[PDB]
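*Asks:* Right, I'll just put the structure down here and ask away after.
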Amino acid sequence: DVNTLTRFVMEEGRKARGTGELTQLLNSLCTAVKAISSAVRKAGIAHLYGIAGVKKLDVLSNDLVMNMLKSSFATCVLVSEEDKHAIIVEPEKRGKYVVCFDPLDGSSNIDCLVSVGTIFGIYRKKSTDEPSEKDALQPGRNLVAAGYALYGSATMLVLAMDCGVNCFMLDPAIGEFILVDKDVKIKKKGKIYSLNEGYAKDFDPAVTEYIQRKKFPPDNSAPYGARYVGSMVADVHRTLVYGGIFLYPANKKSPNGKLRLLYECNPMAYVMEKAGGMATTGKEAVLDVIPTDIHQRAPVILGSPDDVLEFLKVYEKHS
Amino acid sequence: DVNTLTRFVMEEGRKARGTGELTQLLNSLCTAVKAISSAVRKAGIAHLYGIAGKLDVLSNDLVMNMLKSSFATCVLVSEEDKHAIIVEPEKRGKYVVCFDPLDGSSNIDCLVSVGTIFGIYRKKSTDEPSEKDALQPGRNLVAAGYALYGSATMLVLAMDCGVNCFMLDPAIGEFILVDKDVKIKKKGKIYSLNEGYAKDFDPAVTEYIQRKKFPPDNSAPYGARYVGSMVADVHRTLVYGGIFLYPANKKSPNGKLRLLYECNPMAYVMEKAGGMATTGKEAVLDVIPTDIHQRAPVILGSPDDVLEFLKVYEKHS
Amino acid sequence: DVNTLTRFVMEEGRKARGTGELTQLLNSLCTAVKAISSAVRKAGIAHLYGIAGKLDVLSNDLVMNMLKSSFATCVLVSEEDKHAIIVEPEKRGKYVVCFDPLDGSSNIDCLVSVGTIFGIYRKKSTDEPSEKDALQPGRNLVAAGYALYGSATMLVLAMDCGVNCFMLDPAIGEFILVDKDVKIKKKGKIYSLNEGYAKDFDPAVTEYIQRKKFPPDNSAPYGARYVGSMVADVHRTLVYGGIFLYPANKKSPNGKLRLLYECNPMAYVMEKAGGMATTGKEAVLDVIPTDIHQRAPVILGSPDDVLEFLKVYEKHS
Amino acid sequence: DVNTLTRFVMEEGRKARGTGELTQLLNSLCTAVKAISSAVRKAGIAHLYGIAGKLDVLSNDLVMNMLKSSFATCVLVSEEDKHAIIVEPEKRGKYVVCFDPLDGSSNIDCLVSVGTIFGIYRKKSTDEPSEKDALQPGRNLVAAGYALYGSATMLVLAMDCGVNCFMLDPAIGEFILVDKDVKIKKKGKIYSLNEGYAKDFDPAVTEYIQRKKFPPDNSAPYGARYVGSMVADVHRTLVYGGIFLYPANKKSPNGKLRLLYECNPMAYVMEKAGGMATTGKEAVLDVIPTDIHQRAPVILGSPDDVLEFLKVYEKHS
Ligand SMILES: Cn1cc(S(=O)(=O)NC(=O)Nc2ncc(Br)s2)c2cccc(OCC(N)=O)c21
Ligand SMILES: Cn1cc(S(=O)(=O)NC(=O)Nc2ncc(Br)s2)c2cccc(OCC(N)=O)c21
Ligand SMILES: Cn1cc(S(=O)(=O)NC(=O)Nc2ncc(Br)s2)c2cccc(OCC(N)=O)c21
Ligand SMILES: Cn1cc(S(=O)(=O)NC(=O)Nc2ncc(Br)s2)c2cccc(OCC(N)=O)c21
């Protein structure tokens, strides 16, 4: 039987006997992701080049997600990669959920048309205070729903909740997300590692050894493959689909990494664990880091459990 | 003034006072490219999953059929066909088309960027057309380029007049000229290759890569990017500069990429854009193939990076 | 502030504190409407014509399957099926849906406007579900409306809260709310009927039209419009005011339009928008059907025009 | 074998051994028509309604700009511009184009079918271009046609080789040839005119319509259809046979439709399809215009129907 994103979210909400506020959130996000897809694919670009003859793509992305979330009446605190301060929804539009999002990750390399994506995480608000930036300061464990949209060769929405990870394919002919992978689970061990090897000069001693273990296996088994798209959503999804390990580790120059905990690492960490993988900073789980700043960074290693554990074995070996 | 792929080709063909045969060939390719793009973005996938109750095979069918019915071709070589296809006599034209209808599709399970690559030759002589008409060196190319089905769909066309970049506007199904007479940066800051095969690397490749991470002159290291889909990596090299490598080693002494419909069109585009493309031993466009599916090693990109690689390669005798 | 069909339906459903079954019906229907629109605008027609070497049946299959799978329905009535369709036990919900999946499809050869018509009833009896559950008068409708595949694709939804119009944005595949709480003009300037049956017109119909061409008060004559596709004509009536007529004639002594899945939904839209809809003897919404494909005469449109027709009808005893 | 509008036109142009100027003009119109199709179907309307917190003017601008930039024209006459547009010398080509960029757009609020009508003349003298280059009779037309934005989007192209109909596949932004060399029925069963203005009908028009509703013989009355959008009624007339009338009366001694860009392009399609088109006094294509916006009466459609009309017309003369 066919299933859509909207109908699927409605069914799950009906099972749990919820109020519909989260479903109205998820549907609003779905509308915003489709408008980003249409724009990322350059619909109407002929008008920019004068077939008769405006905002830039990350500005438009932020406006779409922001405006769809406010007008969902389901949110109260919004954190975006693009805004210094969390946005507190006006009282007339306030709901109970805190959404942290990256409206367009990978945007640095969109001029070469490589894959980009939207990342989001949803927390129920826990305090009884007036809403503030503080409500966004929850660990990833607290996530109610998380996921990402990947605008690749086709457009897919990957949704993670307690019931598992599900993947939805965008059908541009009808503007519908079609359920194509139910309850996905990552391989126990993979054949690909993903990290920017151009910066090997700054690699932590552990990272140097583990990557050395993948290219020059001690037993002389076959080497792993290397892939690095450079757009976080693309690398993590390939890791989910094919297994393997993705690394953005900390080094001496960047003791807490470069990727952002609230709207890059946590949503991705939440997807990985619900699909049976791991996600660590090296010292602890990403979902266990408690942030003190909504834009603070975290190092992240994620993927198949057997690969992330071998990294931890090597990492431990260097203290 | 606004310009499209279709009008652009007509204007050039009218300039050169040609017969219109290549303009039709290109028009058919472009039509095939919009259909591949439509299917790759999974339009109608809702019917596959029962809303009312293969992709490299389809791409091939689209390109084969649009070229056959263009009446401009006589020999077609595809990654997907073991043997060349000879156009029916009543439909024969004067051109040979080599193509990979959808490269990267083996990893389309992760929605990686994929693309269509093509190169066009004039056939060899008024005899019966044959596979030998496709055994020309890349120097002979009349036109080459690629379609990239990435975050957006772009068609890159290289001819004697240079390299031009056309963006597909899906709202109207038209290719819009957005980059006129493209030229690659003289030097870039990114290198692209699967470092997982380091165990098999040639000394020249090992040394050259060591130079990218650990610069002798103290300058900043290059960044690494490797999508694993040749159209996606090569296009990034064109737009951003840098170097792309799939070199020869001892286990694959002639490489992995295919000479006719992967390497030659991309070297042709590169040279036309001011870049270089080498086998290590010689220019890609100078290899004379003896098999339509033969492979070649390829290093292509910004001239100073390809020249810097060649110095190391020369240095290893 | 922006609003979509889905968000509008959910907000209304949450206001009334319902279970979500009707909302799930509406979402499934909306999905089928977008697939029907895609097919009516001929997406993919190139593959029908061999680029790689019936419409009303698909419309019915899309709706049947999207409604079955909503778990919200138990009896389905389609213009395309002789007998009512009983949903299988594991998929049963409490709603009865009568619909024309593609009305006007007979003249789709000329690219005339076509449309989808639907009415939604809560099942009223506690018996095993059967064809009998669809024989309710239009007064009982919970929701009704239509999709017009015209110059653009618009969905018109009528409920207790009134009539709302949603324009399909094909760039993103979402229905956008563009007209809130729509209400028809009190009196209009256009009449709509197939004047080819004039030889068979009842005297009341002939006279009322004579008043439109030759106004007794010297005012301007009404304009005539008759497209021949009921969704197109009624929507023009809704948007511009005026009157639409499909009266009884000799080949159609009980009228021609179907009461269940054409007249009732349109009557419901009209009344909820402040218009009228009559058979001549009584309101369309008060007719009690005895057969799922039975016909009825219908005069509908602006309230002053329908009342002007009714006075003329009364005068003829 | 599949065929597109672009490939078909190139084939016809290569056959005739023309310069390619008309092919560029025709190819520019096609791109303009698809952009009009995108806007009429309301792509991007969600941005207009604030998702991120003109139509006949845009239609005119798309055609004007695409034709100017085609380098194929020198004089442009539009329903939307008081004076002919003279192309700057560096963009001048040999053709004069007359057009209604969006006919029927007055009633587009109701999502009625709308359309684009065009006629193409070779300029006849070597003088500096002026309005006088557009005052040629329709006999002189080199190509004419219309785009219908109906349930789907179709392009109807008429030339000396005949009339051909192309369906836009929106999935790929391509016009697919679906009806080659179409010819109208010798006689039809539909008449089309605004009968609401019967008070103003010429006595001849009154009688002929009376014969259609009340056939003097045994046959069945004709059916009536009137969309009120000229492109839709004429196209239905072409596809189904019959007659379309916007005739002259005493309040409008020269009719209402404009000769250069409404009546002539439609007369040309009709004659090329084997139909007729008359003002009552003479063939539409024979009128010598003296003003670029002058009006003409027009009766067109199936030949036996127009001849029967002319017999009645002669009777009152
Ligand atoms: C997807 N989803 C949504 C909600 S809810 O609270 O908004 N309730 C609703 O929407 N009810 C509805 N009523 C009518 C309609 Br029609 S939908 C919800 C609650 C718990 C868990 C969920 O997902 C399962 C998971 N794996 O976590 C939920
Ligand atoms: C794009 N292009 C196509 C052809 S051709 O031989 O097919 N002739 C035509 O198309 N004639 C035509 N006549 C009317 C129309 Br309307 S098209 C051609 C020849 C030389 C150089 C070209 O491009 C410049 C370059 N290669 O740098 C050419
Ligand atoms: C639009 N609508 C829908 C329903 S319902 O029963 O399906 N309930 C729901 O959907 N609940 C939901 N819970 C969470 C979500 Br999220 S939706 C409904 C019932 C009565 C009247 C309606 O319309 C009001 C009107 N405008 O007349 C209704
Ligand atoms: C469709 N068409 C177009 C032209 S033309 O002058 O522009 N010539 C060309 O385009 N040549 C070309 N050369 C290369 C390419 Br590739 S096209 C033309 C002339 C006469 C008759 C036509 O149609 C048949 C009919 N009238 O019935 C014509």
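As shown in the structure tokens, the chain order sets the letters A, B, ...; within each chain, residues go from 1, and ligands are also counted from 1 in the order they appear.
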Calculate the C-alpha RMSD, in Å to one decimal, after superposing chain B onto chain C by least squares over all C-alpha atoms paired in sequence order.
*Replies:*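 It is 0.6 Å.
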*Asks:* What lies within 9 Å of residue 256 (chain D) using only C-alpha atoms, ignoring chain neighbours under 5 positions off, as a ChimeraX atom specification?
*Replies:* /D:246-248,295-298
*Asks:* Selection from above, C-alpha atoms, as a PDB file, in the first residue's frame, can you write it?
*Replies:*
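Final output, saved to again21.pdb:
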ATOM      1  CA  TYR D 246     -18.393  36.807 -34.178  1.00  0.00           C
ATOM      2  CA  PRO D 247     -20.287  38.557 -36.973  1.00  0.00           C
ATOM      3  CA  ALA D 248     -20.968  42.176 -37.807  1.00  0.00           C
ATOM      4  CA  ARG D 295     -11.648  45.060 -36.732  1.00  0.00           C
ATOM      5  CA  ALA D 296     -13.231  42.439 -38.938  1.00  0.00           C
ATOM      6  CA  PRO D 297     -16.216  40.134 -38.634  1.00  0.00           C
ATOM      7  CA  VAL D 298     -15.355  36.451 -38.850  1.00  0.00           C
TER       8      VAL D 298
END
*Asks:* With a distance cut-off of 6 Å and only C-alpha atoms, select the neighbouring residues of region 230-232 of chain C, excluding the residue or stretch itself and same-chain residues fewer than 2 positions from it, and output the selection as a PyMOL selection string.
*Replies:* chain C and resi 115+234-235
*Asks:* With N, CA and C atoms retained, write the just-selected residues as a PDB file, in the first residue's frame.
*Replies:*
ATOM      1  N   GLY C 115     -12.534  18.311 -14.709  1.00  0.00           N
ATOM      2  CA  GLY C 115     -12.519  18.484 -13.271  1.00  0.00           C
ATOM      3  C   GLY C 115     -12.887  17.224 -12.531  1.00  0.00           C
ATOM      4  N   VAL C 234     -19.813  25.956 -13.647  1.00  0.00           N
ATOM      5  CA  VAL C 234     -20.242  26.318 -12.302  1.00  0.00           C
ATOM      6  C   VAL C 234     -19.197  27.223 -11.635  1.00  0.00           C
ATOM      7  N   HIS C 235     -17.908  26.957 -11.855  1.00  0.00           N
ATOM      8  CA  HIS C 235     -16.900  27.798 -11.218  1.00  0.00           C
ATOM      9  C   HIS C 235     -16.956  29.229 -11.746  1.00  0.00           C
TER      10      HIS C 235
END
*Asks:* Check region 69-314 of chain C with DSSP on the backbone and list each residue it calls strand (DSSP E or B), as a VMD selection string.
*Replies:* chain C and resid 73 to 78 85 to 86 92 to 103 114 to 122 143 to 149 153 to 159 162 to 169 174 to 179 190 to 192 223 to 224 226 243 to 246 253 255 257 to 258 276 to 278 283 295 to 296 298 to 301
*Asks:* Quick one: write out the picked residues with C-alpha atoms as a CSV table (one decimal), in the first residue's frame?
*Replies:*
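And here's selection-v7.csv as it stands now:
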chain,number,residue,atom,x,y,z
C,73,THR,CA,-14.0,5.2,3.9
C,74,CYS,CA,-16.3,2.2,3.6
C,75,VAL,CA,-18.5,2.9,0.6
C,76,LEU,CA,-17.3,4.5,-2.7
C,77,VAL,CA,-19.5,5.7,-5.5
C,78,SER,CA,-17.8,6.6,-8.8
C,85,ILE,CA,-17.6,-0.2,-4.1
C,86,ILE,CA,-17.4,-1.6,-0.6
C,92,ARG,CA,-13.0,0.5,6.7
C,93,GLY,CA,-13.7,4.0,8.1
C,94,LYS,CA,-17.0,5.9,8.6
C,95,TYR,CA,-17.3,8.0,5.5
C,96,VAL,CA,-19.1,7.5,2.1
C,97,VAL,CA,-17.5,9.2,-0.9
C,98,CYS,CA,-19.4,9.9,-4.2
C,99,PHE,CA,-17.3,11.3,-6.9
C,100,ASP,CA,-16.8,12.0,-10.6
C,101,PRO,CA,-13.0,11.4,-11.1
C,102,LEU,CA,-12.8,13.3,-14.3
C,103,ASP,CA,-15.9,15.1,-15.4
C,114,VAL,CA,-12.1,19.1,-17.0
C,115,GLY,CA,-12.5,18.5,-13.3
C,116,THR,CA,-13.0,16.2,-10.3
C,117,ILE,CA,-16.2,16.3,-8.2
C,118,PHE,CA,-16.7,14.8,-4.8
C,119,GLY,CA,-19.1,14.7,-1.9
C,120,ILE,CA,-18.4,13.2,1.5
C,121,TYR,CA,-21.1,11.7,3.8
C,122,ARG,CA,-20.8,10.3,7.3
C,143,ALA,CA,-17.7,18.2,2.8
C,144,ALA,CA,-18.0,18.7,-0.9
C,145,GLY,CA,-16.1,20.5,-3.6
C,146,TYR,CA,-14.3,20.2,-6.9
C,147,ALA,CA,-10.9,20.4,-8.6
C,148,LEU,CA,-10.9,22.5,-11.8
C,149,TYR,CA,-8.1,21.7,-14.2
C,153,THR,CA,-5.6,24.0,-11.2
C,154,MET,CA,-7.8,25.1,-8.3
C,155,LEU,CA,-9.5,23.1,-5.5
C,156,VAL,CA,-12.7,24.5,-4.1
C,157,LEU,CA,-13.7,23.0,-0.7
C,158,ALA,CA,-17.0,23.7,1.0
C,159,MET,CA,-17.7,22.7,4.7
C,162,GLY,CA,-17.9,28.1,4.3
C,163,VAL,CA,-16.3,27.9,0.9
C,164,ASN,CA,-12.5,28.2,0.4
C,165,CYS,CA,-10.4,28.1,-2.8
C,166,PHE,CA,-6.9,26.7,-3.1
C,167,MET,CA,-4.7,27.3,-6.1
C,168,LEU,CA,-2.2,24.5,-6.9
C,169,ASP,CA,1.4,25.8,-7.0
C,174,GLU,CA,1.1,22.5,-2.7
C,175,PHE,CA,-2.4,23.9,-2.6
C,176,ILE,CA,-2.3,27.6,-1.6
C,177,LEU,CA,-5.3,29.3,0.1
C,178,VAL,CA,-6.2,32.3,-2.1
C,179,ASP,CA,-9.9,33.0,-1.3
C,190,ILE,CA,-24.3,35.8,-17.5
C,191,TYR,CA,-26.5,32.8,-18.2
C,192,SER,CA,-25.2,29.3,-19.0
C,223,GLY,CA,-24.1,37.5,-21.7
C,224,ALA,CA,-24.1,33.8,-22.7
C,226,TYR,CA,-21.6,27.5,-22.1
C,243,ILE,CA,-27.0,31.5,-13.6
C,244,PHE,CA,-26.2,27.9,-14.9
C,245,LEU,CA,-29.0,25.7,-16.2
C,246,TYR,CA,-29.1,22.0,-17.3
C,253,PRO,CA,-36.7,13.6,-19.1
C,255,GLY,CA,-32.3,15.7,-16.5
C,257,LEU,CA,-26.5,15.6,-14.6
C,258,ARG,CA,-26.1,13.0,-11.9
C,276,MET,CA,-29.2,28.6,-4.8
C,277,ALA,CA,-29.5,25.3,-6.5
C,278,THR,CA,-32.9,23.8,-7.6
C,283,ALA,CA,-33.8,22.2,-3.8
C,295,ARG,CA,-30.1,12.1,-12.9
C,296,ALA,CA,-31.7,15.4,-11.9
C,298,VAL,CA,-30.5,21.7,-12.0
C,299,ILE,CA,-30.6,25.5,-12.1
C,300,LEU,CA,-28.0,27.1,-9.9
C,301,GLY,CA,-26.1,30.4,-9.5
*Asks:* Produce a table with one row for each residue of chain B that has an atom at most 10 Å from any atom of ligand 4, each row naming the nearest atom pair and its distance in Å at one decimal; use only C-alpha atoms and all ligand atoms; arrange rows by chain and rising residue number; format as CSV.
*Replies:*
residue,atom,partner,partner_atom_place_in_ligand_line,distance
B:9,CA,ligand 4,16 (Br),9.1
B:10,CA,ligand 4,16 (Br),6.7
B:11,CA,ligand 4,16 (Br),10.0
B:13,CA,ligand 4,14 (C),7.9
B:14,CA,ligand 4,14 (C),7.6
B:17,CA,ligand 4,14 (C),8.8
B:18,CA,ligand 4,14 (C),7.6
B:19,CA,ligand 4,14 (C),5.9
B:20,CA,ligand 4,16 (Br),3.9
B:21,CA,ligand 4,16 (Br),6.7
B:22,CA,ligand 4,16 (Br),8.1
B:23,CA,ligand 4,16 (Br),5.6
B:24,CA,ligand 4,16 (Br),5.9
B:25,CA,ligand 4,16 (Br),9.5
B:27,CA,ligand 4,16 (Br),9.1
*Asks:* Could you write out the selected residues, including C-alpha atoms, as an mmCIF file, in the first residue's frame?
*Replies:*
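Output file selection_1.cif is given in full below:
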data_model
loop_
_atom_site.group_PDB
_atom_site.id
_atom_site.type_symbol
_atom_site.label_atom_id
_atom_site.label_comp_id
_atom_site.auth_asym_id
_atom_site.auth_seq_id
_atom_site.Cartn_x
_atom_site.Cartn_y
_atom_site.Cartn_z
ATOM 1 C CA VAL B 9 23.461 26.391 -31.355
ATOM 2 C CA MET B 10 21.411 27.716 -34.294
ATOM 3 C CA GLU B 11 23.283 31.031 -34.162
ATOM 4 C CA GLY B 13 25.586 26.898 -37.033
ATOM 5 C CA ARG B 14 24.288 29.798 -39.064
ATOM 6 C CA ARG B 17 27.055 28.106 -42.671
ATOM 7 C CA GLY B 18 26.751 24.430 -41.771
ATOM 8 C CA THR B 19 24.121 22.009 -43.044
ATOM 9 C CA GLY B 20 22.075 21.880 -39.820
ATOM 10 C CA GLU B 21 22.992 18.240 -39.135
ATOM 11 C CA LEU B 22 25.020 18.921 -35.973
ATOM 12 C CA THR B 23 22.440 21.454 -34.720
ATOM 13 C CA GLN B 24 19.861 18.660 -34.919
ATOM 14 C CA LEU B 25 22.220 16.231 -33.207
ATOM 15 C CA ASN B 27 19.012 19.412 -30.230
#
*Asks:* May I ask you to extract the residues of chain A within 7 Å of chain D, using only C-alpha atoms, and to give them as a list in words?
*Replies:* residues 51, 52, 63, 64, 67 and 68 of chain A
*Asks:* Please dump the current selection as a PDB file, in the first residue's frame; keep C-alpha atoms.
*Replies:*
ATOM      1  CA  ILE A  51      13.552  36.003 -20.577  1.00  0.00           C
ATOM      2  CA  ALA A  52      11.245  38.963 -20.006  1.00  0.00           C
ATOM      3  CA  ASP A  63      12.992  32.736   5.249  1.00  0.00           C
ATOM      4  CA  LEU A  64      11.072  29.664   4.107  1.00  0.00           C
ATOM      5  CA  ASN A  67       8.085  31.617   8.080  1.00  0.00           C
ATOM      6  CA  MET A  68       6.636  28.119   7.741  1.00  0.00           C
TER       7      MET A  68
END
*Asks:* Once you count only C-alpha atoms, which residues of chain D turn out to be within 6 Å of chain B? Could you give them as a PyMOL selection string?
*Replies:* chain D and resi 34-35+172-173
*Asks:* Kindly give the distance, in Å, that separates CA of residue 218 (chain C) and CA of residue 204 (chain C), rounded to a single decimal.
*Replies:*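 Between CA of residue 218 (chain C) and CA of residue 204 (chain C) the gap is 20.8 Å.
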*Asks:* Can you pull out every residue with an atom within 7 Å of ligand 1? Use only C-alpha atoms and all ligand atoms and format it as a PyMOL selection string.
*Replies:* (chain A and resi 9-14+16-24+144-145+161-164) or (chain C and resi 10+19-21+23-24)
*Asks:* Those same residues - N, CA, C and O atoms - I'd like them written as a compact mmCIF listing (two decimals), in the first residue's frame.
*Replies:*
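selection-v9.txt written:
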# COMPACT_ATOMS: atom_id res chain seq x y z
N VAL A 9 2.77 10.60 8.97
CA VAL A 9 2.89 11.36 10.21
C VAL A 9 1.53 11.41 10.90
O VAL A 9 1.44 11.27 12.12
N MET A 10 0.46 11.61 10.13
CA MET A 10 -0.88 11.60 10.71
C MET A 10 -1.18 10.27 11.40
O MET A 10 -1.74 10.26 12.51
N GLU A 11 -0.83 9.14 10.76
CA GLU A 11 -1.11 7.82 11.34
C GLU A 11 -0.35 7.63 12.65
O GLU A 11 -0.94 7.25 13.67
N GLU A 12 0.94 7.96 12.66
CA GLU A 12 1.75 7.80 13.86
C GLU A 12 1.22 8.68 14.98
O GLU A 12 1.18 8.28 16.15
N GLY A 13 0.83 9.91 14.64
CA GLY A 13 0.27 10.78 15.64
C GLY A 13 -1.05 10.25 16.15
O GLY A 13 -1.37 10.40 17.33
N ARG A 14 -1.82 9.60 15.28
CA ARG A 14 -3.09 9.04 15.71
C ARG A 14 -2.88 7.86 16.65
O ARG A 14 -3.65 7.69 17.61
N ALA A 16 -0.40 7.41 18.83
CA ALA A 16 -0.01 7.97 20.12
C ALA A 16 -1.06 8.87 20.74
O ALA A 16 -0.85 9.33 21.87
N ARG A 17 -2.16 9.14 20.05
CA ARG A 17 -3.22 10.02 20.55
C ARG A 17 -2.68 11.41 20.92
O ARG A 17 -3.01 11.97 21.96
N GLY A 18 -1.86 11.98 20.03
CA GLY A 18 -1.36 13.31 20.27
C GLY A 18 -2.34 14.38 19.83
O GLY A 18 -3.40 14.11 19.29
N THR A 19 -1.97 15.63 20.13
CA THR A 19 -2.80 16.80 19.85
C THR A 19 -2.76 17.27 18.40
O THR A 19 -3.60 18.09 18.00
N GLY A 20 -1.79 16.83 17.61
CA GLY A 20 -1.62 17.33 16.27
C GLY A 20 -0.65 18.48 16.13
O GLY A 20 -0.35 18.87 15.00
N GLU A 21 -0.14 19.02 17.23
CA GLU A 21 0.76 20.16 17.13
C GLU A 21 2.07 19.75 16.49
O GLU A 21 2.59 20.47 15.62
N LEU A 22 2.60 18.58 16.85
CA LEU A 22 3.82 18.10 16.22
C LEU A 22 3.59 17.78 14.74
O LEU A 22 4.42 18.11 13.89
N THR A 23 2.48 17.11 14.43
CA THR A 23 2.16 16.82 13.04
C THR A 23 2.03 18.10 12.22
O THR A 23 2.50 18.16 11.08
N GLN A 24 1.45 19.14 12.79
CA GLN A 24 1.40 20.41 12.06
C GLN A 24 2.79 21.00 11.89
O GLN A 24 3.04 21.69 10.89
N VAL A 144 12.77 14.98 20.24
CA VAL A 144 11.49 14.34 19.95
C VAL A 144 11.45 13.85 18.51
O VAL A 144 10.91 12.78 18.21
N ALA A 145 12.03 14.62 17.60
CA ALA A 145 12.08 14.23 16.20
C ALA A 145 13.26 14.95 15.59
O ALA A 145 13.56 16.09 15.96
N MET A 161 12.46 9.25 14.41
CA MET A 161 11.65 9.34 15.63
C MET A 161 11.91 8.06 16.43
O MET A 161 12.77 7.25 16.08
N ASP A 162 11.15 7.88 17.53
CA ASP A 162 11.27 6.67 18.34
C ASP A 162 10.91 5.42 17.55
O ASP A 162 11.54 4.37 17.70
N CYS A 163 9.91 5.51 16.68
CA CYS A 163 9.53 4.34 15.90
C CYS A 163 10.57 3.95 14.86
O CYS A 163 10.41 2.91 14.23
N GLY A 164 11.64 4.74 14.69
CA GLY A 164 12.74 4.41 13.80
C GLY A 164 13.01 5.49 12.77
O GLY A 164 12.53 6.63 12.88
N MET C 10 -6.20 20.57 8.84
CA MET C 10 -5.78 20.20 10.19
C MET C 10 -6.26 21.21 11.23
O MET C 10 -6.76 20.82 12.29
N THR C 19 -11.29 13.21 15.36
CA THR C 19 -10.36 12.08 15.42
C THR C 19 -9.24 12.09 14.39
O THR C 19 -8.28 11.34 14.55
N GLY C 20 -9.35 12.88 13.32
CA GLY C 20 -8.39 12.81 12.24
C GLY C 20 -8.79 11.94 11.06
O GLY C 20 -8.03 11.85 10.10
N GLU C 21 -9.93 11.26 11.13
CA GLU C 21 -10.34 10.40 10.03
C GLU C 21 -10.70 11.21 8.78
O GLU C 21 -10.25 10.90 7.67
N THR C 23 -9.80 14.37 8.13
CA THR C 23 -8.59 15.03 7.70
C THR C 23 -7.76 14.08 6.84
O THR C 23 -7.28 14.46 5.76
N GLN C 24 -7.68 12.82 7.26
CA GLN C 24 -6.95 11.82 6.48
C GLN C 24 -7.65 11.50 5.17
O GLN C 24 -6.98 11.16 4.19
*Asks:* Taking into account only C-alpha atoms, which residue in the set D:220, D:273, D:310, D:288 is nearest to residue 161 (chain D)?
*Replies:* D:273
*Asks:* Can you tell me how far atom 18 (C, counted along the ligand's line) of ligand 3 sits from CA of residue 16 (chain C), in Å to one decimal?
*Replies:*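 For atom 18 (C, counted along the ligand's line) of ligand 3 relative to CA of residue 16 (chain C), the distance reads 5.8 Å.
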*Asks:* Given only C-alpha atoms and all ligand atoms as the basis, pick out the residue of B:272, B:290, B:209, B:260 nearest to ligand 2.
*Replies:* B:272
*Asks:* Skipping near chain neighbours, those fewer than 4 positions away, what residues fall within 9 Å of residue 274 (chain B) using only C-alpha atoms, listed as a list in words?
*Replies:*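 Here the answer would be residues 182, 183, 184, 185, 186, 269, 270, 301, 302 and 303 of chain B.
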*Asks:* If you keep N, CA and C atoms, can you produce a file of those selected residues as a tab-separated table (two decimals), in the first residue's frame?
*Replies:*
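Generated output (selection.tsv):
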chain	number	residue	atom	x	y	z
B	182	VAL	N	33.73	29.96	-20.77
B	182	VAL	CA	34.31	29.66	-19.47
B	182	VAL	C	35.80	29.35	-19.60
B	183	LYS	N	36.58	29.77	-18.61
B	183	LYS	CA	38.01	29.47	-18.53
B	183	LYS	C	38.32	29.05	-17.10
B	184	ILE	N	39.08	27.95	-16.96
B	184	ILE	CA	39.41	27.44	-15.63
B	184	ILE	C	40.50	28.29	-14.99
B	185	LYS	N	40.43	28.39	-13.66
B	185	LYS	CA	41.48	29.05	-12.90
B	185	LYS	C	42.83	28.44	-13.25
B	186	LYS	N	43.85	29.30	-13.28
B	186	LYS	CA	45.21	28.86	-13.56
B	186	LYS	C	45.71	27.89	-12.50
B	269	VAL	N	36.79	19.22	-22.94
B	269	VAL	CA	36.22	20.36	-22.23
B	269	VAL	C	37.30	21.12	-21.48
B	270	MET	N	38.18	20.39	-20.79
B	270	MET	CA	39.23	21.01	-20.00
B	270	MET	C	40.16	21.85	-20.88
B	301	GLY	N	42.65	19.32	-14.97
B	301	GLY	CA	42.34	20.46	-14.14
B	301	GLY	C	43.11	21.73	-14.46
B	302	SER	N	43.33	22.56	-13.44
B	302	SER	CA	44.05	23.82	-13.60
B	302	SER	C	45.45	23.57	-14.14
B	303	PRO	N	45.93	24.40	-15.08
B	303	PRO	CA	47.23	24.11	-15.71
B	303	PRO	C	48.40	24.01	-14.74
